[PDB]
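We begin with a single chain expressed as structure tokens, specifically the form deposited in one PDB entry.
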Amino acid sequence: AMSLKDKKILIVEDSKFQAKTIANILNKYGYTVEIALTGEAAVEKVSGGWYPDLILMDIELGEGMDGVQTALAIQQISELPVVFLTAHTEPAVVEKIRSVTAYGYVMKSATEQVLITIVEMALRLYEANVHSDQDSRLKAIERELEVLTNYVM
């Protein structure tokens, strides 16, 4: 239900309170979580060999890199799903998000259920994209079952 997921999540949120709260919600549904208060922080953490399974990442990070610049810097050294966190959905922000990631965004106001559900869909989408025989196998099963079923008429 909210069992222990092996997935590691990196939160990139300058706001200490918003960072810690999101970490809390995820922690409580089973995710291993780390925080970075800046996009630069987050790049060092990923280039220092710690590879998350997902990045929740604010489009506003403050006076350094923003979320889009960090998403690209992260892209240079990794092929990790990035899901953006945003306060609002202005066209200028949505364009920026849809142009660096294929994995969408979550409102920082979202209910808890929404956040956790977007994170699972994102992790499952990414696994799907790293990959036929599924059809063949089923076909074998499908007639081997007919093989057997007819015997015990």
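We number the residues from 1 along the sequence you see. Under this definition, the rigid core comprises the largest set of C-alpha atoms superposing within 1.5 Å between the forms.
The discussion below concerns the form deposited in another entry, not included here.
J.: If you fit the two forms on their rigid core, which residue out of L26, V43, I97, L54 shows a CA shift of at least 2 Å between the shown form and the other one?
T.: Between the two forms, the residue that moves is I97.
J.: Would one find the Cα atoms of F17 and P91 closer or farther in the other form than in this form, where their distance changes by 3 Å or more?
T.: Those two alpha carbons end up closer in the other form.
J.: Indicate closer or farther: the Cα atoms of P91 and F84, in the other form, relative to the displayed form, with a change of 3 Å or more.
T.: Distance between the C-alphas of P91 and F84: shorter in the other form, by 3 Å or more.
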